[PDB]
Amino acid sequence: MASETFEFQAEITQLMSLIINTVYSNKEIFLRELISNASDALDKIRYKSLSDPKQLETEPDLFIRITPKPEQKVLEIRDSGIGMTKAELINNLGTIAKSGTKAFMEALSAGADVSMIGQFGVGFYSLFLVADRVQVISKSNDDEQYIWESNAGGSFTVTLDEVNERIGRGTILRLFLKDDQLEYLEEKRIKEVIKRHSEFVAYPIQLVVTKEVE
C-alpha cells in the first residue's frame, strides 16, 4: 500500500540528532548493540515457545545473520527473533518516550562514554553513528511484514512490505552507511568487531560473503 508518516517523540529526535552528528571515535559499538538486540529478540521467541511450541514453526532456525551489500553501501543485520507488528514498530521505535532517552543525553553531557547507550535501553539508536538512514523490516507471527524507515529527522514512515524478501519471522536492520564508514562492509573488519564485543552470544552469528569464482 502507501506509507504512513508518524512523528517522533521529541526527546528521541534530539537523541538521534546528537548521535548522527558527533565525531565520537569508537563508532564500531553500534554492532554490539544491534547483535545484542537481536539476541534479546531471539530469547523472547524461545521463551514464548516454551508454552506455545507452534510459534517457532514459521522459521525454525534461530540465528543472527550479517549481510554486507557493498554496491548499495548497505549493511543488513537479520535475526529470526520474535519480530514486531506494525503497532509495535510504531510504539517501540518512535512515538513512545523511551525510558532512558533523556537520562542518556544528560549522562553524555556530563562526560559519559557513548558506549553506555545500551544500559539506558536506547542502543538501537547507536546505528546513526555509522548510518544516515535505516529501514527496520519486521515480521511477527501476529502481523504482516512492514517497513519502518527513518533518516534521523523528526518523523518516520511505516509501510506494508510488498518489496522485500519474506522473512518467515524476525527482523532485518537495513543500514544505509555513510561514505566515511564503508569499512563495515568488509569481512575482516566485521569479524574483528564481533570477536572484540559479542563473545558471549548464545546464537550462531552468520556472515554472508560474496566471492567471485576463480
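For every residue, the number given is its place in the sequence shown, counted from 1. Rigid core here is just the name for the largest C-alpha set that superposes within 1.5 Å across the two forms.
**Student:** Please indicate which stretch deviates more in 9 other deposited structures of this protein: 107 to 115 or 81 to 89, judged by C-alpha RMS distance after a core superposition?
**Tutor:** Stretch with the larger root mean square C-alpha distance in 9 other deposited structures of this protein: 107 to 115.
**Student:** Between 116 to 124 and 138 to 146, where do the CA atoms move more in 9 other deposited structures of this protein, taking the root mean square over the structures and residues after a core fit?
**Tutor:** Of the two stretches, the larger average C-alpha offset in 9 other deposited structures of this protein falls on 116 to 124.
**Student:** Take the C-alpha B-factors listed in the entry for 98 to 106 and for 74 to 82, compute each mean, and give the stretch with the larger one.
**Tutor:** The stretch with the larger mean CA B-factor is 98 to 106.
**Student:** If you average the CA temperature factors over each stretch, which comes out higher, 197 to 205 or 18 to 26?
**Tutor:** Comparing 197 to 205 with 18 to 26, the higher average CA B-factor belongs to 18 to 26.
**Student:** With respect to the C-alpha temperature factors reported in the PDB entry, which of 149, 33, 180, 161 ranks highest?
**Tutor:** Answer for 149, 33, 180, 161: 180, with the highest C-alpha B-factor.
**Student:** Sort 145, 37, 51, 171 by C-alpha B-factor from the entry and give me just the highest.
**Tutor:** So the option with the highest C-alpha B-factor is 51.
**Student:** Taking the values exactly as deposited, rank residue 167 by C-alpha B-factor within its chain and report the matching third: lowest, middle or highest.
**Tutor:** Within its chain, residue 167 is a middle-third residue by C-alpha B-factor, going by the deposited values.
**Student:** Mind checking which third residue 187 falls in for C-alpha B-factor across the chain?
**Tutor:** Highest third.
**Student:** Check where residue 57 lands among this chain's C-alpha B-factors and tell me if it's the lowest, middle or highest third.
**Tutor:** Highest third of the chain for residue 57's C-alpha B-factor.
**Student:** Going by the CA temperature factor in the PDB record, which third of the chain does residue 44 belong to: lowest, middle or highest?
**Tutor:** It belongs to the middle third of the chain when residues are ordered by C-alpha B-factor.
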